[PDB]
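Taken in order, these protein sequences are the chains called A, B, C and D. Residue numbering for the first sequence follows our numbering, beginning at 799 and increasing consecutively. Residue numbering for the second sequence follows our numbering, beginning at 54 and increasing consecutively. Residue numbering for the third sequence follows our numbering, beginning at 25 and increasing consecutively. Residue numbering for the fourth sequence follows our numbering, beginning at 25 and increasing consecutively. For every residue, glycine included, the Cβ atom is placed at its ideal position computed from N, Cα and C.
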Amino acid sequence: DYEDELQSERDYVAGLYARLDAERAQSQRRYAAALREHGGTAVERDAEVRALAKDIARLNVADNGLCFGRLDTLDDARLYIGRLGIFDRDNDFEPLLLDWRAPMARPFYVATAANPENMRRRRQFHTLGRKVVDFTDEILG
Amino acid sequence: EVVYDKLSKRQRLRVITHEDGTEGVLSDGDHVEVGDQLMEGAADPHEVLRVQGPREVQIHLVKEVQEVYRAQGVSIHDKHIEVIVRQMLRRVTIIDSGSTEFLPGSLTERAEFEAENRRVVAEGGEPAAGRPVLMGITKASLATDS
Amino acid sequence: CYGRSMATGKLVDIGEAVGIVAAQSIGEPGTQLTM
Amino acid sequence: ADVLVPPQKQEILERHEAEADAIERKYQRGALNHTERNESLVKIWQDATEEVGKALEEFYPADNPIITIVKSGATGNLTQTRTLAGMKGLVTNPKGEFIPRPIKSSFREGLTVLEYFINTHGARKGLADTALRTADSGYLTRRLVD
């Protein structure tokens with residue numbers, strides 16, 4: 799039960815790392831290409847360089863401690879709260895991850911045991927390296 | 054156990070990607086050698102000079118200067134860069150003045166430091182002690198005797 | 025130690041001011057870099 | 025007549041417009057931050073631009089003068105051909121960040137009033153920054169010579 803749930807969480811979070819790594823690799827490839835053979839006017843090249851560097855930095859900072867924990871809801875939603883917002887494009891941009899700076903992930907810190915924001919269970923990830931050591935849950939309602 | 058304190062959360066760690074190791078990203082318990090960069094970024098030439106001697110700073114400076122031109126579609130031979138790098142490392146700094154005429158706290162060239170040490174060891178018997186110093190373009194230019 | 029002069033393909037002659045050549049070579053493509 | 029327009033352009037633009045509409049639908053509910061939405065649109069339209077460029081490269085016959093000039097190495101590049109016959113793509117505001125509204129029309133078919141108005145920012149920025157570029161290059165060359 800607990801072990802199987804931990805394995806499933808590890809698998810999903812590993813998929814999240816896979817998506818992050820693929821996006822970072824694509825950004826690095828585009829940055830390298832733009833440095834050498836962009837082609838055109840210097841302002842557009844510099845703007846592309848800056849944008850790609852910003853994307854690289856934002857993705858790179860999220861490598862460690864990518865996800866803080868699951869946030870189940872009574873409204874039949876499966877929000878994941880982490881460092882960045884990630885969406886599966888083929889699924890009409892289904893949120894695979896939500897940044898806690900977003901408003902939809904606001905309740906993580908506002909909701910309390912006696913004041914639930916229609917949420918069901920709040921999970922804490924003890925992240926270390928590329929996997930979570932374990933998790934501790936809290937039930938709200 | 055050498056410590057690095059003020060590292061900000063805005064950076065990421067070293068990568069190796071050995072053919073069979075498949076390290077990924079070093080997090081904890083990994084082993085690194087002298088001179089390897091720990092946190093991904095731009096290293097400090099002075100730190101490289103201290104840790105890895107004077108030869109390594111030559112290669113580091115030449116490679117890092119080249120990379121910009123190479124990645125931005127410009128081809129320049131390495132000899133042109135290392136000519137400037139040579140001037141960047143002409144002088145050494147003295148910890149304390151010995152029997153030599155030099156006053157302490159001054160930067161002097163090796164052609165002078167070594168010569169004066171060899172001349173004063175014969176009679177004075179107290180050659181100066183010093184270490185290599187890396188200088189910028191401006192400081193190196195302003196130090197001309199003319 | 026300097027090797028051949030890139031402009032002539034032969035061993036550099038005595039008296040070549042390689043410092044000016046290096047400075048000009050480094051500075052000429054300067055306008056093609058990002059800021 | 026030599027500046028041909030790919031027939032695949034319209035379908036790509038419609039598909040990416042549908043994607044942009046989906047992003048707009050998602051944003052209003054609060055699932056994305058303002059910067060998140062802006063960079064998502066930027067990524068979507070960069071993908072659209074690269075797809076249009078690939079279609080343009082594949083469509084043009086090898087003997088067309090426009091592609092003959094580029095492929096022979098005489099002058100120009102494929103990005104100029106894309107912005108000429110393909111789509112102009114994303115443009116930047118004065119601060120250097122991409123405006124999330126792309127320039128669909130190419131110079132061959134003519135830009136609208138507001139597309140032309142927003143295209144001026146980059147040209148003005150480049151014409152202003154050329155002088156500083158030259159000054160910085162001259163200063164670096166002077167120091168290296170000295």
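Rounded to whole angstroms, the gap between the alpha carbons of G54/C and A855/A is 27 Å. Between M902/A and chain D, the shortest Cβ-Cβ separation is below 8 Å. Within the same chain, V68, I69, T70, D83 come within 8 Å of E76/B by CB-CB distance, once the 5 residues on both sides are set aside. In chain order, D26, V27, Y84, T105, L108, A109 place their CB closer than 8 Å to the CB of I90/D, counting only its own chain and leaving out the 5 sequence neighbours on each side. In this structure, the straight-line span from the alpha carbon of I137/B to that of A46/C is close to 8 Å.
The distance from the Cβ of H145/D to that of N117/D is about 6 Å, consistent with a contact at the 8 Å cut-off. Our two residues, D935/A and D890/A, have alpha carbons roughly 30 Å apart in a direct line.
Within chain B, no C-beta atom comes less than 9 Å from the C-beta of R157/D; the nearest is roughly 13 Å away. With a contact defined as Cβ atoms closer than 8 Å, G150/D and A851/A miss out at about 20 Å. Listed in chain order, the alpha helix (DSSP H) elements of length 4 or more contained wholly in the region 82-162 of chain B are 98-124, 131-141. Between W898/A and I884/A, the C-beta spacing is not below 8 Å.
Listed along the chain, the chain C residues whose CB falls inside 8 Å of the CB of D160/D are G54, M59. Per DSSP, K67/D lies in no beta strand (DSSP E); the unbroken alpha helix (DSSP H) holding it starts and ends at 58-83. By the Cβ-count criterion, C865/A is buried, with 16 or more other Cβ atoms from all chains shown falling within 10 Å of its own Cβ. Contact annotation for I137/B against chain D: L168 [CB-CB distance below 8 Å, chain order].
Residue range 137-169 is occupied by the alpha helix (DSSP H) that includes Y163/D, with no beta strand (DSSP E) assigned at that position.
Around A47/C, the beta-carbon contacts reaching into chain D at under 8 Å are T165, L168, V169. Counted as a single uninterrupted DSSP element, the stretch harbouring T105/D is not any beta strand (DSSP E) but the alpha helix (DSSP H) occupying residues 102-109. If you compare the alpha carbons of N57/D, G120/D, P31/D with that of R843/A, the shortest gap goes to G120/D. Here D87/D is exposed: its Cβ has fewer than 16 other Cβ atoms, across all protein chains shown, within 10 Å. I44/C belongs to the set of residues whose beta carbon lies under 8 Å from a beta carbon in chain D.
For the alpha helix (DSSP H) assignment, the uninterrupted runs of no fewer than 4 residues enclosed by the region 835-869 of chain A are, from N- to C-terminal side, 840-859.
Counting only Cβ-Cβ distances below 7 Å, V101/B has no contacts in chain A at all, with the closest Cβ about 23 Å away.
Within chain B, not a single residue places a beta-carbon under 7 Å from that of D897/A; the smallest gap is close to 15 Å.
Here DSSP, grouped into helix, strand and coil, assigns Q34/D to helix.
At a Cβ-Cβ threshold of 8 Å, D886/A and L877/A do not count as neighbours. The straight-line gap separating the alpha-carbon atoms of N62/D and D45/D is approximately 13 Å. In its chain, beyond the 5 residues on either side, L114 have a beta carbon closer than 7 Å to the beta carbon of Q70/D.
In this structure, DSSP gives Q922/A an extended state, which the three-state scheme calls strand. In terms of Cα proximity to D870/A, the closest of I937/A, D809/A, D799/A, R834/A is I937/A. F122/D carries a strand assignment under DSSP once its states are collapsed to helix, strand and coil. Cβ-Cβ separation between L818/A and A860/A: approximately 6 Å, consistent with a contact (criterion under 8 Å). Going by C-alpha positions, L60/B is about 51 Å away from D37/C. In this structure, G177/B lies near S152/B, with their beta-carbon atoms less than 8 Å apart.
Contact with chain C is found for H133/B, since one of that chain's Cβ atoms lies less than 8 Å from the residue's Cβ. Annotation: the continuous alpha helix (DSSP H) that includes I50/C extends over 42-51.
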